[PDB]
Structures are given as structure tokens and as C-alpha cells.
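*Asks:* The data below comprise the sequence and an experimental structure of the protein.
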Amino acid sequence: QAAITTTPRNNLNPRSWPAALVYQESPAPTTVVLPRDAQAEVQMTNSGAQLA
Amino acid sequence: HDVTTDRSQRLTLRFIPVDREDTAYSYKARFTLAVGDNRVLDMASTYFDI
Amino acid sequence: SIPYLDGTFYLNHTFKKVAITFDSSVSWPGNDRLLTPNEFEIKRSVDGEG
């Protein structure tokens, strides 16, 4: 299991250690929209019609 | 039978201000009241009792 | 001493309330941001210390 679980010993204890078998945490984002628009707000508030 | 309900539901509701106000000139009646999604809260018949 | 020729004013504390109303009706601080958007209070007239 020593050869199966990990690659055989080279540097027996390395502090300066890169990731290959040791896993880098999950890379998946979830993106959602906005209730209000970026460009559809400039027409109203400063002119007269207040937005709430 | 088309416009009827044979289900358990309330008729009269009462809520209190969670954030009670005790200032010199104002009382903020601060309700965290959520409307029932299969209910119809009548804003026509919504009033305060002092 | 002229209070403007050296930048040496004295009466910079003695205010009360200011209402900046744009075009005679709609208030400039009327973006809900402050407690009094209609008339933003400079120096309070002892309303409630809290």
C-alpha cells in the first residue's frame, strides 16, 4: 500500500512541497444575476422619478 | 366547489414590534411580518391597534 | 481681521437645519440614505440625545 497510496519516497520530508497527489480545493463558481440593471437606472432619479 | 377551501387556515392575525422604540418623540412599530404564500393579506383591511 | 482674506472665519458652528431642495420641490439628499432626507440637520436643537 506504500507504493499504491503514494509515489515511492524521494525527498523523505519536504517542507517546500508542490501539489500533485495532495489536492487543491474545488474550482467551481456559481454566478447569479441582479434585480436591477447597470444602464437602465440613469434615466430617472436625478431627473425626477425616484427609484425604490 | 371551484372557488372554495376545505383546509386549515387562520382569519385574524396579530404581530408585535420586534424592535420596540422608547424615545422622547417617536415609536417605531417594527414588524417582521411575512405574507403567507398560499394566503392573501388584504392591504385594504390592514390597520394598527394602539 | 477680514475672515476671508486669511481664511480666518469664526462663525462655522452656529447653524441649525439646512434644506437643499433642487428645483423648488425634490430634495437632493432624498435618496433614502439619511434619517432626514428633506432637511439635513447640521446642529441638532436638542430633539432626542440618542
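*Replies:* Right, received. Where do you want to start? Residues are numbered from 1 along each chain as shown, chains lettered A, B, ... in the order given.

*Asks:* and the closest residue to chain B within chain C, what does it touch?
*Replies:* With CB to the nearest CB, the shortest gap between chain C and chain B falls at residue C:48, namely 4.4 Å. Yep, even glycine has a C-beta here, placed from its N, CA and C like the rest. When contacts are counted by CB atoms under 8 Å, 6 or more residues apart in numbering or on different chains, residue C:48 touches B:23, B:24, B:25, B:26.

*Asks:* Go through those and single out the one with the most neighbours.
*Replies:* Within those, most neighbours by other CB atoms under 10 Å in any protein chain shown means residue B:23, with 11 neighbours.

*Asks:* follow-up on the earlier one: and which of the contacts of residue C:48 is nearest to residue C:17?
*Replies:* Of all those, residue B:25 has the smallest distance to residue C:17: 15.6 Å, by CB to CB.

*Asks:* for the nearest residue to that closest one once chain neighbours are set aside, helix, strand, or coil?
*Replies:* Among residues not flanking residue B:25 along the chain, residue C:48 sits closest, at 6.0 Å (CB to CB, 6 or more residues apart in numbering or on different chains). Three-state assignment for residue C:48 (DSSP: H, G, I helix; E, B strand; the rest coil): coil.

*Asks:* can you check residue A:32 too?
*Replies:* When classified by three-state DSSP, residue A:32 comes out as coil.

*Asks:* cool, residue B:44 as well?
*Replies:* Going by three-state DSSP: residue B:44 is helix.

*Asks:* Please give me every residue in contact with it.
*Replies:* If you count contacts by CB under 8 Å, 6+ apart, residue B:44 has none.

*Asks:* In chain A, which residue sits nearest chain B?
*Replies:* Of all residues in chain A, residue A:52 sits closest to chain B, at 16.7 Å by CB to the nearest CB.

*Asks:* isn't that residue right up against residue A:45?
*Replies:* No: counting by CB atoms under 8 Å, residue A:52 stays clear of residue A:45, with 9.8 Å between them.

*Asks:* does residue C:34 sit in a helix, a strand or a coil?
*Replies:* Three-state assignment for residue C:34 (three-state DSSP): coil.

*Asks:* Thanks a lot, see you next time.
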